[PDB]
Amino acid sequence: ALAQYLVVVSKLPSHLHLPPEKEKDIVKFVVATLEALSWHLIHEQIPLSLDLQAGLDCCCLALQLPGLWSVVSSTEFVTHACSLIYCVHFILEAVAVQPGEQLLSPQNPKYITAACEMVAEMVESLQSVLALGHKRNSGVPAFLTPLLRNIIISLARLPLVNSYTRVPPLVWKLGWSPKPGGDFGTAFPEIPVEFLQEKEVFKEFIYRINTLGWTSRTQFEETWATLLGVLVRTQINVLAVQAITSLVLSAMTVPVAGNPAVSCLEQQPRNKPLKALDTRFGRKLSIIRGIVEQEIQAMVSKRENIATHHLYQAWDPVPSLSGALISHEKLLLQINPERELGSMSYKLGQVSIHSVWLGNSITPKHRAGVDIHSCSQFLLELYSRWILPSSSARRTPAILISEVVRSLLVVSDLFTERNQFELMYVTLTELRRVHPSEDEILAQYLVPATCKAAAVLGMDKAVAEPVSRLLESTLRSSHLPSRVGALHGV
Amino acid sequence: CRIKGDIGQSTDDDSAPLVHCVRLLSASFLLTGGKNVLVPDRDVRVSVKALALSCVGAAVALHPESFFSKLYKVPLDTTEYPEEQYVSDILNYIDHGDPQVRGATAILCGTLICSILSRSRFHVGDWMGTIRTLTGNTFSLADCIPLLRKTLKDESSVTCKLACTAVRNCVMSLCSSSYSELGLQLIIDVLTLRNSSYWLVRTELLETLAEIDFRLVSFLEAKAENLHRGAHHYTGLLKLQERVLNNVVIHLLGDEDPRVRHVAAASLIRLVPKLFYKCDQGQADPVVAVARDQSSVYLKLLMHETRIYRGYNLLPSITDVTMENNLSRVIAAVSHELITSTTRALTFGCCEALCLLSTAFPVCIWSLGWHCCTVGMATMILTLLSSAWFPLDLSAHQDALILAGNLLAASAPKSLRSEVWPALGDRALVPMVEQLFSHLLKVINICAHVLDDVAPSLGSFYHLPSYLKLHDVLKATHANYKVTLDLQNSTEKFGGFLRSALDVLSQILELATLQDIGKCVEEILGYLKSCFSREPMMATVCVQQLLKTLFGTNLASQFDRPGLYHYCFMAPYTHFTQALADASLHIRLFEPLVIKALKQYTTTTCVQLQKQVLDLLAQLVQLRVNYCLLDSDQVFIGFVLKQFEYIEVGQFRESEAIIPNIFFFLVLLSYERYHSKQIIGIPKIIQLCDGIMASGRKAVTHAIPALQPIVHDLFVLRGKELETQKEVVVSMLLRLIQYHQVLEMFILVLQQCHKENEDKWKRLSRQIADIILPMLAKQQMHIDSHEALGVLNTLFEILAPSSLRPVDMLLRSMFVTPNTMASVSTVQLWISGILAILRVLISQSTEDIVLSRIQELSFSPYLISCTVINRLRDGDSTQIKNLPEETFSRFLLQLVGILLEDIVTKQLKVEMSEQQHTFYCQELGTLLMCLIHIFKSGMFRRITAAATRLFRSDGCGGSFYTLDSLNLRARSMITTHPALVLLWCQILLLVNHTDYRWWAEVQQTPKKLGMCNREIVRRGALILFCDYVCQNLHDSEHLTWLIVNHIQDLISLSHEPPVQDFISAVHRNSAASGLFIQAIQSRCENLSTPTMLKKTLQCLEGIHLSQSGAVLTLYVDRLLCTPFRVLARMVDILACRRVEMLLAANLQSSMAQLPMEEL
Amino acid sequence: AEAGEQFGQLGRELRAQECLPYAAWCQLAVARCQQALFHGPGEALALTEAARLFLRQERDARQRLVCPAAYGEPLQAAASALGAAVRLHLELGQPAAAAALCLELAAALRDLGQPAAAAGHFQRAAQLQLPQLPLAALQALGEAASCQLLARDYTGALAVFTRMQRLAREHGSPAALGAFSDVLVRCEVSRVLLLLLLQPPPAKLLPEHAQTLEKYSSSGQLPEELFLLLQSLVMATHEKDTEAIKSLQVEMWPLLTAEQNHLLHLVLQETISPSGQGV
């Protein structure tokens, strides 16, 4: 009952929202239910699947509500937060790992350090054990893999264990062991950039931040500065460029910017709302086509942004820019046709140039209090100097140039000012005139980015012909993704 | 490093020397006089401490009692050392500093566990009970288990490797004991060792798991409830066999270390017989699977009874259904890794595993296992040969060549007829055979270029880049070989590859004909000329196959519910009874390549090549090739004769491998005539044979193999001079008549003599019988093995019954006494002689005849009494109207006592071998089988009456084995030989010995998973007891006792035939049915499992009509309401039937069954 | 010839420094050189290596470090190279090698979160293997059925399971040969669970499904406890006794795989809370 209530409380009227005076009791109840499932598992046997789902559904949804998350995150509820970590880890092991097997096959009270180790263990398990369809997931029923993934990411963002979890395990075995200090005694400092100079530990750090996102503006700036320090052997540079691109892109997730467990990337479809609706007869179609659509979603749409089992919860990440998300019933046939039903991962046509010209007031920011213009401006200046060797820049590596240009194309979705688009087009246009054209791994990103830049610029006469010469040229290419990206640029 | 007291002396009498030896080197290097005081390593280095600990473990292996002794025999000063110390304190070195000492302590615990269990006969409850009374030690056998567990999780890889070795010694003993749950725990713990960076730990784990009998493990898993939960409350099942097979054995086939891959493949082969899968036709539950293995050896009833290549099997094979299923499941798993192989290591490992599997379990024999005759998976293996990277690995390439040839050869019977490759007649396989044949000619052509070091039409490869790369790999390996001198290195990659290529080509040449080869036959002979010097054996084997194909002599050119009762008792008894019943009843091209084989024969010292040249020469003569054209000056035949001088004086390095081929070649050459001149005569061959036996060379390897090609020639296919040679050979066979191999030779001679001259068959049978029978009395026959006794058993049947009809000689030889019984070999020879004669008496004669002749030859029942037995066991060689049946029955009962006493009181390694232990149990099994047949067939009534009376009677003043003495020796064999105990249980019924002292104990009647062997007896005894009641329905006590005490086992075992009849008998009797219902009500809680509840209803279905009112009460009270709806439906159907047959009967009878209050 | 070896060592060096997109590009170049040399096996190997490098790129961008900026870009190149390799293999025969490449692509897609395309490629591999390796085709179809169950294509999974049962019966025989017996057991249990979930009407009820449902209203190759529990489950779902399915679901949990446990959970869920009502 509670899970059914919480899964819809995000789109309820104001008077039906969660009462603040009952937020503490709900958190206590959620922990108690998970404790009961573990206690029943310990004593008698595994609980009913409808009981495991009900207990974990409440935990998954409660950690998604900002009202309830701020309660479990408080120091007063540290025991409850530790109990959730214990019960979730216990249930996951009691269902996925056999006896004699490991989950990861290669001052303060003791439970605090144990809870930190549990979450860091489970976070790494999302790679193999809790990756749906992975060979290691064969031991986990498919109705618990998406439920446990969301819970772990929500638990790993708790202030108690977030600082510890972001530290790669490869650093712990090394000499790094600073004295933790904070409200919980586990606010470990951010790892020094000296460790990140090694590839295999930088990969672990990138996975940790990408999986957990960021909990606040302060954390975003910290990891922004950390990645900047690394970005000044080439393997470290491409890894840093990718990590910065993901971090900057992570600000576009609509409901809550940082949270990966509640949010998905912004979608601005290129198709305007249909005129045939909202008529005398089209309105009747919407009522009846909505029922058909409400069942196609529950049957064929990969519920990427939905964690719990509830069927009628589909919603698209399309904010009402002019804001709150547009209800799915009002986006009948607006979503991009080339996007899979329910798929919310990044795509090459993520945001339409309409939404670039609207809200930004452009003729042909700072989401959740995180200044992205200062960021997006910085890389644009940084990347432009990097891929333009005006002086003797010792022939910048091709892998760097390709990965940088891909970064430009991805972060171009967050470019706010017209001058930003003009600079990137000029930067790319100069890159074409100097880079040899036999490269295809580069042209797959360069072609759409240049087309996207000229698209916002207004497709003017001077900018028209070079793009027109480019698009046909890359159309007859042996590399398929070069053709695919070319069409997206088209 | 100082002995601070008295430890005893080596020359001491009150205790074994090993007790002092353990004390000596424990106080000298490992312990002080104080409790829990490790000797500091300053005085003795850890090298000595590690070396001394291994000495204790090896000593404790032969004598576990030494480990529990006090450190000092005389207790030293009680003031300086307040508490005495035990030798068992050396286990504190499990926490030492260096890894080597820690590992040695782990191995000591593993050895200690295995020895204690193997010495107590799994009765550790009593063995540890007396050892703690004799020495006062409070050590528990369940204390080394934590030591082994924590030593497996060791930081050092050296210690972890030694900890794995310790588990390997004691894992199977623990599983087969009352500590099975600890043995199961160890298997779980060692599973994590696959993720080890040290390859030695990985290989050690593979060998450890290869020792596991998973039929036993599956039994332990089936009844392990809390062990499935593990330490973290797991909600599934352990699935140990699935994890061990897939996550370890198959998984490690993909290891990057070839040594680990090779061990995994070998461990895969060993595991295949021991796997267990549910829903198998051969075995239903693990208990039956375990009982099959044990009964297949002890109860192995003993009897006796143009060359296709290695991988062909035409005649139908009586293949086991069970392990064909195991083979198919394993082969499927290996192949699934071969398709989904992303690494070169997994492809190399899996291809090697299948090549080895096709050798251990030939695909031509187990075609139903190799994915149905079959070709198995030949497109896959031939795909790899057509790849661009797989052929370049010489080790894996030759694994695929052999495997591909085996699979194609496995379809030969069902894929022949009587274009290209006309004989195949299954044109689907023609591309596969054509591809492999062309591929083999290419690689052999490559090797031909490599030996001939000439730079690079069917075998042409100069235009294929993939073969040019292979030629470079083979060129490199030979170049390395060309500058080394390692002649004793078998694992030479180039030499192994050329051998494998010539091996498979020789195999495929069977399926070919002259039509599809006569074009390319000259190019292959060119390849062999260059490849002959490197690999002369297989180059000659390939020549033979070419001749067999060129002359049309190859295969292508010449073509036209079982449960415990069945396995334990019924199937072996039926075979034994039936056996008793039947007892009473272009060539010019080869010449350059054949002179080289002759020329190399006279210069090489390789007997494998030498015995192959003779094989080629024998085949050439059989094809009527003029021998004078080969031996232009009698040089080779002269050289062969000159080899005998070195052979008979022991100056031939290995003559046993060449004698069978030399004589077979010579006897075949006696027919050929050098233009009216014989090359050699049979008289000379006979004289050559007699010189071999006359010398000191063992007749088993030099004289007997020499005779076989001679007797199989004269006496199977061949009269003025022939007859006298036959008698001379017969005379020579008589000298070696003590060897069971010669008995086979005489069996052949008698059988052929049975068709030429029946009168001579009578004389020869009388001559043989009058010769062997005295030697059976004096134990001069080499019949101390299962194979040897089986040959002798069939020889008696082949003998003319007139030669044995006067049973005076048989009884004189059977009723004898050996020189001594202190030697196991003498005891076995004595009993083996008795069993051979005993079979004749109960098969080729009647009870009346045997008992009658016992009176005239006054054999005494005291021939082997307890007094004579004890006196003989020390090596000392020096009445009334007793009916003959008493003497005959006493003789057999004493033999049972002898075998029981020294099977359960004879050391497995100190006093007797391992083969001697099996033959001891085999001898007991065939003796108990003989007793069962005598007491069950009814053809021996007086003997059965005498035995029934003698079993009931006590021992005559302790001079004979009383029944209680026999039961004690049999009751202690439950844990080790349950198959033999069940035979003893059968005999106890046949003599109507049904006291509940023995029966309520073997059945574990109610007045820690347990042992599987205890369950085999417990279920087996219950089955036999029910069968006995089925023949004794008048007895109303053994029927009510079974129901009220074993109804749960009756229901569980209801699928067994004897139990089925017992339940049917219970249904027919009204009183029995009433007890059947009442017992179920009192034990309904255990009848809650859906499997057990269904069996309860099946039994409860056809119950007696007069009990309808009672069973209907049980249905609607304790069985109707179940969570399982299918069983509730079944109860409803049966309950409806009871009501519909109650109102359809007499009213007053139905009124009695259901009173009004009950209704 | 020499250009191919040059591109090969270029790719080896590039993989040494782990700039594997360019290593895959060099593998494509050496595959083109093999095309110029008309060497089918070498070209297939080069395309396989390029596809494996691209797949490792996508795995790193999606599994090792989960980059939200990744839009499956090297996956397209991997699929193109694998399709070219499969086409080459088929044009030179060797359908087993093409089926192996298709299995590799399907496994990669399944790990990357695209069960539908993975199931399609698994079915293609099974079709390529079926005329020659029926057991390998059955395993590939089993992977396809697992992927379709991942994609919530329950009717497609039922069709694949029925096809596998038919193929196992007609190829592995009457009693199965062990290697086909486990396949038949999985087919039977999965089909029974899927038929209790979907509940086809008489129009959609094929003769095979009707026969299988008749069998559960004796045990061919299923363990007696599992067969009895499945019969109880079928009777309970035909009777609508939710307590019975709850008790069975608790009871049959250790005896079923995680896939079959998920299917039984779906059956129970659609029993208490039917889907399609809109509430």
Side-chain angles (χ1 to χ4, degrees), chain B residues 301-303 573 576-585 743 765-766 768-779 781 783 789-817 829-861 863-864 882-896 898-899 923-947 950 987 990:
Chain B
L301 269 306
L302 50 147
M303 50 306 276
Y573 174 61
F576 182 62
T577 306
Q578 285 179 348
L580 290 169
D582 311 353
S584 56
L585 317 183
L743 297 190
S765 301
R766 170 59 69 188
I768 282 154
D770 284 348
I771 282 166
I772 65 184
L773 274 166
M775 314 186 340
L776 266 86
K778 286 174 280 296
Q779 298 86 58
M781 302 264 309
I783 52 174
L789 186 45
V791 171
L792 179 57
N793 275 10
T794 66
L795 168 63
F796 278 136
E797 307 180 357
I798 306 311
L799 284 173
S802 71
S803 307
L804 314 165
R805 207 163 290 120
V807 300
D808 314 275
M809 179 72 105
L810 289 173
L811 290 160
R812 273 200 306 269
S813 304
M814 177 225 183
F815 282 88
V816 296
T817 321
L829 282 181
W830 169 55
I831 290 165
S832 167
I834 281 162
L835 294 163
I837 291 166
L838 176 60
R839 196 171 166 285
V840 173
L841 296 183
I842 76 185
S843 74
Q844 300 219 307
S845 159
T846 65
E847 192 208 26
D848 168 9
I849 291 164
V850 167
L851 294 180
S852 164
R853 298 303 314 161
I854 288 173
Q855 286 213 39
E856 276 69 23
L857 295 82
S858 173
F859 299 119
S860 170
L863 170 69
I864 48 188
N882 40 358
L883 305 105
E885 47 266 28
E886 290 187 47
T887 72
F888 192 86
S889 69
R890 269 296 191 207
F891 190 67
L892 300 182
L893 258 48
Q894 290 292 106
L895 285 162
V896 165
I898 283 160
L899 285 156
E923 270 173 340
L924 183 62
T926 179
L927 177 59
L928 299 173
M929 222 59 266
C930 284
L931 282 185
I932 279 158
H933 170 256
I934 286 168
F935 303 163
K936 203 177 175 73
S937 70
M939 258 149 61
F940 311 83
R941 303 210 145 276
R942 296 165 61 195
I943 290 164
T944 307
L950 265 169
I987 290 177
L990 290 171

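We use all heavy atoms of the structure for the numbers below, so side chains are in, but hydrogens, waters and symmetry mates are not. Reminder, nothing fancy here: chain letters follow the sequence lines and each chain counts from 1.
Atoms CD1 and CG, on B/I831 and B/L899 in that order, are 4.0 Å from each other to the nearest 0.5 Å.
The minimum heavy-atom distance linking B/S813 with B/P774 is given by the pair OG-N, 4.1 Å. Shown here for B/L810 and B/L804, the closest heavy-atom pair between the two residues is CD1-O, 3.7 Å. B/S765 approaches B/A800 most closely through the heavy-atom pair OG-N, 3.1 Å. Contact between B/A836 and B/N793 at its shortest, heavy atoms only, is CA-OD1, 3.5 Å. B/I783 and B/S832 make their closest contact through O-OG, 2.7 Å (heavy atoms, listed as atom of the first residue, atom of the second, distance).
Every pair tested for side chain to side chain donor-acceptor pair (under 3.5 Å) that includes a residue from residues 927-938 of chain B fails, sequence neighbours excluded, so the list is empty. Listed by first and then second residue, the side chain to side chain donor-acceptor pair (under 3.5 Å) pairs involving residues 835-857 of chain B are B/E797-B/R839, B/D808-B/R853 (not counting sequence neighbours). For the ring pair (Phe, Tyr, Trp, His ring centres under 6.0 Å) condition, no pair includes a residue of residues 791-814 of chain B, sequence neighbours left out.
Ring geometry for B/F888 versus B/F815: interplanar angle of 30 to 60°, hence tilted.
With sequence neighbours left out, the ring pair (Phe, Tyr, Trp, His ring centres under 6.0 Å) criterion links B/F576 to no other residue. By the salt bridge (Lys or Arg N to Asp or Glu O under 4.0 Å) test, B/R805 pairs with no residue at all, sequence neighbours left out. For B/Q779, there are no side chain to side chain donor-acceptor pair (under 3.5 Å) partners two or more places apart in sequence or in a different chain.
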(request) Could you check B/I768 against B/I771 for side-chain contact (heavy atoms from CB on, under 4.5 Å), going step by step and ending with a plain yes or no? (result) CA-CA 5 Å; B/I768 282 154; B/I771 282 166; 5.8 Å; no
